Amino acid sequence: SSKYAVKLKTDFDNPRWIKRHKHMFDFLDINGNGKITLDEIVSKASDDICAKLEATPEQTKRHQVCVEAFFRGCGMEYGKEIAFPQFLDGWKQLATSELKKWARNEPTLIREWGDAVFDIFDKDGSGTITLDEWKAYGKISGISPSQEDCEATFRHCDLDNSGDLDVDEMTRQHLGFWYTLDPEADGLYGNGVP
């Protein structure tokens, strides 16, 4: 064996990365008081999204576990209000941890959250999400309600031979979009998210 240096592509001080997360923070900050909690995020995931997607009790439970792990990775814990500066600092730590797992080819928290979301739409067990299924998610989660933005997502990604999207591709895109500000990921959510 031998050691090999890999560049963890981060640009945490770039306004484009900061604004991307500020947009999402405001999106989660429903009442606009500048504070959100893990409790609210989990309620959104379980009581709102999974309920409307009619996910099974077990799929909802698994999805919740992934959401809890993901945002705890950002330093969020139940019962504690979080303002943007802390939220952003948490994303810096999450991104760094994720990118290291990525370089070591160990499953990331974003990949696992992805598995849980794709599972909900896995009617035939092939593990793919169709454009119509993504449009449903975009509208219900509210991250991308625009049909055109949802089509932009699929157009942006490299789809399988049937025109559908798989988790392996989406995970790579999400990593570049949320963690690294990779130019290859720009436009992932169309005009829905900067």
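Quick note: we count residues from 1 along the sequence shown, nothing fancier.
Undergrad: On mean C-alpha B-factor from the PDB entry, just flag whether 36-44 or 160-168 is the higher one.
TA: Comparing 36-44 with 160-168, the higher mean C-alpha B-factor belongs to 160-168.
Undergrad: Out of 25-33 and 54-62, which one has CA B-factors that are higher on average in the deposited record?
TA: Comparing 25-33 with 54-62, the higher average CA B-factor belongs to 25-33.
Undergrad: Maximum C-alpha temperature factor per the entry, among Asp115, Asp89, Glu98, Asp122, belongs to which one?
TA: Answer for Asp115, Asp89, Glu98, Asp122: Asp122, with the highest C-alpha B-factor.
Undergrad: Check where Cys150 lands among this chain's C-alpha B-factors and tell me if it's the lowest, middle or highest third.
TA: As the PDB entry reports it, the C-alpha B-factor of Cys150 lands in the middle third of its chain.
Undergrad: Sorting the chain's CA B-factors, does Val67 end up in the lowest, middle or highest third?
TA: It falls in the bottom third of the chain.
Undergrad: Where does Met76 sit by CA temperature factor within its chain: lowest, middle or highest third?
TA: According to the entry, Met76 has a C-alpha B-factor in the chain's middle third.
Undergrad: By the recorded C-alpha temperature factor, relative to the other modelled residues in its chain, which third is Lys19 in?
TA: For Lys19, whose C-alpha B-factor we compare with every modelled residue in the chain, the answer is the middle third.
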